[PDB]
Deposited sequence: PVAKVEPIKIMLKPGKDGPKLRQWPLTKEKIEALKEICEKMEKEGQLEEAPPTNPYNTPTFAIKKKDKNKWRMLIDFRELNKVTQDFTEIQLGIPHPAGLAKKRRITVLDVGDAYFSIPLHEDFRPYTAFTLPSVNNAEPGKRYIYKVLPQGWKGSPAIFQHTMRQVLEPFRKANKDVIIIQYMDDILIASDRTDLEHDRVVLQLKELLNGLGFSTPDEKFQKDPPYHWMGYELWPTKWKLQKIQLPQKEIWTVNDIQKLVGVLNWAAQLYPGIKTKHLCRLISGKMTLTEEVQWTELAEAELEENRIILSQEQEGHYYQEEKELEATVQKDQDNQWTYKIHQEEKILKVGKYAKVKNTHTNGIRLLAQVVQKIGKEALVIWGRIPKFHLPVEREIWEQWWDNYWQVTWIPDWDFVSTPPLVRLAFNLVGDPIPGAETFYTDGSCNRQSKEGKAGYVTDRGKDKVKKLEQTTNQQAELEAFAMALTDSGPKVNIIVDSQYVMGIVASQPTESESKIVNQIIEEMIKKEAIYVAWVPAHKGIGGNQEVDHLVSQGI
């Protein structure tokens, strides 16, 4: 029963490792040889021919309750593989089934032969050995293992089209609506398939009853729950400790937003011994701290019923806080948040929430939910109908989830008869950052305001603000900045900028505002005089 191992290559123009074998204590070299003794016995290891020039550092670490090879250099030279599964199954997408069973594959890598031509590079000295199976810590092991497991389970899945099989790494979840007898029988059938193909399934890694521990989740029969993820809190952090830490964070970052591993990785800047103490950086320190906070949370929800409808209800909370809930009738599958961040409005942000939820739902349920939004249809449609940018919106419903998203803009398409007309402009001295913002009106008035540490754009905006501030409930304003024009057109309701905020404040008080643009420096009546007024001495 032999399947030929997949062929592997090193990156072009590269060679296997030939690194330094650091001597270690007598006690250590004792346990190590003991370990390798067993591995060579069982078939995981084999002795290196006298012509093998390659070598990788070996280490021994105090049992996490012992041998650790530093394949960092071999990995660096190994070809790239395919990341055959980035994304973790979410229990909210798991169909509600009568029976569930969870089980792990033991020493998964030990059951997969490494190609003869590639074993040479795995060489390490103690006697010298090379791997015959996928080495733990080697770059290609998880890609090959993942691929192999998919092929082992595929025939089982097509034989039992009604059973739900979910495999992630060496964790397999089995769910079905068969009788307790039939279910257990199909699970035994699965273990028989695996064991027969050489994959062990420890009785200890087998889970008969609830709660089922599955990938950080605890699956109860009625609901699921994401446990708080605990992160190691060591005294002295070695390169290996940071590696494992970053491994966990890599997984965890799929379950939570805001997880960063950047400055944490910069701590193990390559060639440093795998045992070498890391030099803690302030930003690395800060990163781990924020990560601990983020993960010190917990989530929960119910399971999916594909026959029933999939809905999404959104609600704006405090200020930038939008929350949602994916549900089927009154049953909530999962809850979510969005507060992502210069000057938009509720309708534009609402659309961003809808996009986020839509993307998430395609991933988990393979379908788009029915949306229930806190915004009236006429308001929504009217705004997007006029806006220059298109956005995604599937069928939806309005729901009176106060507060409602409402836009109240009195921007009119034609000059307002009788309303005073303000011509706006702002200057800025490139070198002193001193400028002026002002206006001139068709009713004879004018005003100028000196600005300091400003900018052309800021001066332009300060001028528009001045016009809004000194005008009646109805006003026409002519600007020469397409920038200001763009901003006003986007009818913003929220901004970080102080001047933009005044502009919004004033704009809401107006009954009607007509705003148009004219090219600058063309001697256009009104524009030419404000231009000269604010440019004087600037």
Residues of the deposited sequence that never got C-alpha coordinates are 1 to 2, 68 to 71, 133 to 141, 357 to 358
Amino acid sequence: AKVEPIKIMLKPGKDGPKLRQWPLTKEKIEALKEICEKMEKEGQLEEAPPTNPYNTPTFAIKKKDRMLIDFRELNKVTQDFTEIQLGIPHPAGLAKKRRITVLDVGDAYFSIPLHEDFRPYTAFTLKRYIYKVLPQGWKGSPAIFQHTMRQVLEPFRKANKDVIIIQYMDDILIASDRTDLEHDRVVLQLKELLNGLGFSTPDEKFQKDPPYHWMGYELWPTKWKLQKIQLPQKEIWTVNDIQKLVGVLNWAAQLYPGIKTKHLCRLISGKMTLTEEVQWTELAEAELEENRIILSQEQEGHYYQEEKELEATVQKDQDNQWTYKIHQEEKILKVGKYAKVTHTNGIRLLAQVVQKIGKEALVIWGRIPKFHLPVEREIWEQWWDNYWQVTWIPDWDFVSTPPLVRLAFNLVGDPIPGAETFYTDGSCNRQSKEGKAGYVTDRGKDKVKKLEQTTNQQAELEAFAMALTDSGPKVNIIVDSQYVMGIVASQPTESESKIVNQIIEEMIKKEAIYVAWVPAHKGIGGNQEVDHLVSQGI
From here on, numbers count along this sequence of modelled residues.
432 to 440 set against 332 to 340, stretch whose average Cα temperature factor tops the other in the entry: 332 to 340
Using the B-factors recorded in the PDB entry, average over the C-alpha atoms of 89 to 97 and of 259 to 267, then report which stretch comes out higher. 259 to 267
Per the coordinate record, which of the options 290, 376, 385, 307 holds the highest CA temperature factor? 307
By the entry's C-alpha temperature factors, tell me which of 313, 233, 355, 424 sits highest. 233
Is the Cα B-factor recorded for residue 466 in the lowest, middle or highest third of its chain? lowest
Third of chain Cα B-factors occupied by residue 43: highest
Where does the C-alpha B-factor of residue 398 rank in its chain, lowest, middle or highest third? middle
Sorting the chain's modelled residues by C-alpha B-factor, tell me whether residue 214 ends up in the lowest, middle or highest third. middle
So where's residue 69 on the chain's Cα temperature factor ranking, which third? middle
